[PDB]
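Enquirer: The structure is given below, and queries will be raised subsequently.
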Amino acid sequence: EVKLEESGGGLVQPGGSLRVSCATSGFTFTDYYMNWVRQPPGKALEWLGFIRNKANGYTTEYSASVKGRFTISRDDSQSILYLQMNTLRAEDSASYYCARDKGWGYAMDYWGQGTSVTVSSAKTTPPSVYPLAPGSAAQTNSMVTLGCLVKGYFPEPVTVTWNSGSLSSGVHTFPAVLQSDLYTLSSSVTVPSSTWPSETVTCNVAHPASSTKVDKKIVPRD
Amino acid sequence: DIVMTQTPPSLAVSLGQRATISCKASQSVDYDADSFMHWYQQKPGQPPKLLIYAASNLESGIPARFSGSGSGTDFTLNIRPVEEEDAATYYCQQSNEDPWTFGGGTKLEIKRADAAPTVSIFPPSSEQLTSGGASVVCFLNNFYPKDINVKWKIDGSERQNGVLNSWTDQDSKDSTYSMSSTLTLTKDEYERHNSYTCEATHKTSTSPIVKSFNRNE
Amino acid sequence: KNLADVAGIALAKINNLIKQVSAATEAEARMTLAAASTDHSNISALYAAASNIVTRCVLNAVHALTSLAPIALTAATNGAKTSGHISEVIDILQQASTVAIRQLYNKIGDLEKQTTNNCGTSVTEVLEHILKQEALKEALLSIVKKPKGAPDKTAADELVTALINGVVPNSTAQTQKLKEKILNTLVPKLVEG
């Protein structure tokens, strides 16, 4: 039904600018107030501002942390919401959420998936993707666990799927760890021993900031 | 300029029991008898979901297990009975005075029966060795509670440096945790030794779960 | 002197009640003009509920004044004086040139008892009191309700805006925020059905 998506996130240099946008469908965009909310990694939600509808003058409210640097605007013809960010700082790095207001600057009843912004002077590094196959020390058991290691990328996030999403249960993707200004994560998957290695198992790693899509097949070791 | 204080910061509740999370406002967020306090649920990596608006109104589509109460400066959110899907962080928000502010959040953990981890170890891939690095990876999957200790032993002696651990958030379906432990060495240091073991000590057993491999096969 | 202290308190209350009747009747005047200029069945029913509230502010404030003035006059001058416009006597008493004071102090404590039930001292203030009342909210929701589907939220916006332009013609940031606050307090009832 109601759908809001966020787009435009990426890596920005300190002091730079970025515009994120929110495409909405499934409701009469013109009748609703719209909000922007952000959440820095590992921190609390933070309200940024809202924009009024046509009936109430298209005016805006902002939090003080963002007043003067950010500008919220909307396009009623295309039912799209914008947030324009200027003079970005490192602590502006967060996931930015577009959220529809339930009233007139009230509660937020619908939220988008969010778009990620990283403000940093380090540059984009594509990940190294290594397959993790059993060492054949504990050869047999009915369920076998495979993995793949995603090392040395920047910025977050990366997406990991197994067999193009067809293998979704029994998957654990672990949160990235930052060392030396590069992130590393790993992902495990467990499959029946009757299905590997007789059938193929591939982990698919996507890093939008580098526009890279990488597939690694898990082949038995050596 | 209203500050929101949630208590407790962390809470563990058994299935079927009651969870109570409280928000205390630095000044009143009410307008006469009408409240401007709202509650949100956020599962890890997902967008927040509105549960209760104006202190006590249950938003459409939200199960009756959630309820809110309070007035003026003190409010509570109630979950009865608690279910596995409730593993999440909960936020209060006030829209009484500009700017709107959020509480710091309360993480709810759902208790379950103790479960031992499933452990598997992986040698460095040949693709990574060519670049000069060597990562040994140990997965510890689907255990509870979250507290766990991993030791690495190279040729029988404990190694403390180059070890990085990462926990998943509590699973929404089975209420377990998983963790990955990565020991990264140089290719030169890796090829100097033969036997590599990760040892997991968890409340479910006094003896550790040990998985290992030998580098020459 | 103790009479010069209470005389100052009585005159401050009399001046405040006089400004209450001025603000409330000024709201009523703009509402009656706004009701006569426009020919809609719906918005006129709002002015009916609003006028009944504003007039009753005036009746209450005048009732308090006419009760307080003879009381203040007896205290300021113990010699028999019970007439209106005592403003001159307590004012000069307050500057220069006990039973009745006790009588007065109680009436002032009695008056503030009803300080919570007092509409504004300005036209913006009385307007805020109008929208806070259940009688106006009850009238507004009955107009926007539909028998089948949900009550119309866009019409509630329009009716409150027209009312706000009846009482306060020049829009302010406070008027906009006041309009949003009242409409927000009704959000639970505009989603029923």
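Residues in the structure tokens are numbered from 1 in each chain, the chains being A, B, ... in the order shown, and ligands are numbered from 1 in the order shown.
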Could you list, with a cut-off of 10 Å and counting only C-alpha atoms, the residues of chain C near chain B, each shown with its nearest atom pair and the distance in Å rounded to one decimal, rows sorted by chain and ascending number, as CSV?

Expert:
```
residue,atom,partner,partner_atom,distance
C:132,CA,B:32,CA,8.6
C:181,CA,B:96,CA,8.5
C:182,CA,B:31,CA,9.5
C:184,CA,B:36,CA,8.9
C:185,CA,B:34,CA,6.2
C:186,CA,B:34,CA,9.1
C:187,CA,B:54,CA,9.1
C:188,CA,B:57,CA,7.1
C:191,CA,B:60,CA,9.3
```

Enquirer: Give me the residues within 9 Å of segment 167-176 of chain C as a list in words, counting only C-alpha atoms and dropping any in the same chain fewer than 6 places off.

Expert: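 Residues near the query, excluding close chain neighbours: residues 56 of chain A; 26, 27, 28, 29, 30, 31, 34, 123, 124, 127, 128 and 161 of chain C.
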
Enquirer: Restricting the calculation to only C-alpha atoms: of A:77, A:198, A:17, A:136, which residue gets closest to residue 212 of chain B?

Expert: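 Selected residue with least distance to residue 212 of chain B: A:136.
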
Enquirer: Residues at most 7 Å from segment 191-196 of chain B, counting only C-alpha atoms, excluding those fewer than 6 positions away in the same chain, as a ChimeraX atom specification?

Expert: /B:153-155,212-216

Enquirer: Would you mind exporting the chosen residues as a PDB file, in the first residue's frame, restricted to C-alpha atoms?

Expert:
```pdb
ATOM      1  CA  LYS B 153      45.183 -21.606  20.265  1.00  0.00           C
ATOM      2  CA  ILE B 154      48.033 -21.817  17.743  1.00  0.00           C
ATOM      3  CA  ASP B 155      50.084 -25.017  18.074  1.00  0.00           C
ATOM      4  CA  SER B 212      40.303 -27.108  14.855  1.00  0.00           C
ATOM      5  CA  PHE B 213      42.180 -27.798  11.646  1.00  0.00           C
ATOM      6  CA  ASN B 214      45.770 -28.446  10.634  1.00  0.00           C
ATOM      7  CA  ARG B 215      47.189 -26.218   7.926  1.00  0.00           C
ATOM      8  CA  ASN B 216      48.906 -29.071   6.108  1.00  0.00           C
TER       9      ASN B 216
END
```

Enquirer: If the cut-off is 7 Å, can you tell me the residues of chain A near chain C, counting only C-alpha atoms? I'd like them as a PyMOL selection string.

Expert: chain A and resi 103-104+106

Enquirer: In Å, with one decimal, what is the gap from atom CA of residue 147 of chain B to atom CA of residue 94 of chain A?

Expert: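 Straight-line distance from atom CA of residue 147 of chain B to atom CA of residue 94 of chain A works out to 28.8 Å.
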
Enquirer: Give the residues of chain A that lie within 6 Å of chain B; count only C-alpha atoms, and format the answer as a list in words.

Expert: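 The selection requested is residues 44, 63, 109, 113, 132, 134, 135, 137 and 174 of chain A.
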
Enquirer: Take the residues just selected and output them with C-alpha atoms as a JSON list (two decimals), in the first residue's frame.

Expert:
```
[["chain", "number", "residue", "atom", "x", "y", "z"],
["A", 44, "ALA", "CA", 19.15, 7.23, 19.07],
["A", 63, "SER", "CA", 15.77, 21.13, 14.91],
["A", 109, "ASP", "CA", 2.85, 6.61, 11.11],
["A", 113, "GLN", "CA", 13.69, 1.99, 4.66],
["A", 132, "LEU", "CA", 35.09, -19.80, 3.54],
["A", 134, "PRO", "CA", 35.32, -26.35, 5.48],
["A", 135, "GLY", "CA", 38.90, -27.32, 6.23],
["A", 137, "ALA", "CA", 39.07, -31.71, 9.38],
["A", 174, "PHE", "CA", 27.60, -10.27, 11.16]]
```

Enquirer: Please provide the set of residues having any atom within 12 Å of residue 98 of chain C, restricted to only C-alpha atoms, with same-chain residues fewer than 5 positions apart removed, written as an MDAnalysis selection string.

Expert: chainID C and resid 1:4 6 74:78 103:105
